[PDB]
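What follows is a single chain, given as structure tokens, in the form solved without this ligand.
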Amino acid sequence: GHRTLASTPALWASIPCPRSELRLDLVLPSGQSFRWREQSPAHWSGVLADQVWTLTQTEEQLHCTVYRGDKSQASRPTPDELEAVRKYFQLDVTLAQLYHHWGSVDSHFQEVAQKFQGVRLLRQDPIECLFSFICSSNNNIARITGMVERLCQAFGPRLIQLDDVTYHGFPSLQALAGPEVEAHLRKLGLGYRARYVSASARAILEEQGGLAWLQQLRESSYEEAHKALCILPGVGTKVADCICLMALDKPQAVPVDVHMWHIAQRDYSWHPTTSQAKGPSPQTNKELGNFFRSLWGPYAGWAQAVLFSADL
């Protein structure tokens, strides 16, 4: 079954990481990745790179364990595996520097940060992020979490079973580009966005030269990446910004939806001054995003994530 640090200590290895730099409970269930669950108190299990991990923390350390299945002997994560975890959590960025900057320009942020410490922005795989945000509206974390689980159960490789939980890899393009994908996703309860999952997979595979197209957007400017993503069925401005932020290494991206508007009004008394519109629209949404980029700086999307963790 699922491991705990206490039950099987020799299968865990550690990364130095103060709780000031990372709070798993404030990050993993906060609406960035949908692949994690707290199966044991303070222990988060999920898929990171088509492998199952469990993570837990002590005061100065992130402890990690990886499940290898029947082909390999059980052993602690290797140094390269642990680096993969560090990259996922972007641990080379000093969060304290960012928090100090954001609090210096934003008193509301500084207030919220006192309770919501160690909220980091994950660095997600581009396929996984794209298709997670295509497959469901992101109106409720519980809904999207369920839809993503169904998608991976449907078209993702079976990795391992732990207790009553069967973990799947994220689906491949080829899997998602099949005939019958839409219909089978609608049969599982995904509804009209099932069509976008299929069509976007086929678009990337057939028309854009495959996975490399999407991977190249990590190196491309925010402007090029956003525009490129918007060509895909099911991706408009907000999803494209989500992907840019969360998987294409554009920390400046600030996705704008009704949730962000609510925070802007509730916590900032913000009103648009460019647009004629009083409410969400393409022009006013752009304005809002540029507002927070201008306020918070080049890591504005990371600052947004702190406020989203606090709002849950």
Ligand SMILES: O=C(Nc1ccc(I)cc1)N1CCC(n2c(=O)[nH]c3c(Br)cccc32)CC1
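Residue numbers run from 1 along the displayed sequence.
Below, we turn to the form solved in complex with this ligand, even though it does not appear here.
Comment: 251-259 is the region of 66-74, 277-285, 251-259, 53-61 lying near this ligand in the bound PDB entry, near meaning a non-hydrogen atom within 4.5 Å. Contact with this ligand in the bound PDB entry, defined as a heavy atom within 4.5 Å, holds for exactly one of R202, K238, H184, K227, namely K238. Put simply, of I141, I160, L82, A175 only one has a heavy atom within 4.5 Å of this ligand in the bound PDB entry, and it is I141. The candidate spot formed by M246, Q304 and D311 lies fully in contact with this ligand in the bound PDB entry, as each residue has a heavy atom within 4.5 Å of it. Interface membership of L130, defined by any non-hydrogen atom within 4.5 Å of this ligand in the bound PDB entry, is ruled out. In the bound PDB entry, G31 approaches this ligand with a heavy atom inside 4.5 Å. By the criterion of a heavy atom within 4.5 Å, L214 is excluded from the residues contacting this ligand in the bound PDB entry. Proximity of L151 to this ligand in the bound PDB entry falls outside the 4.5 Å heavy atom cutoff.
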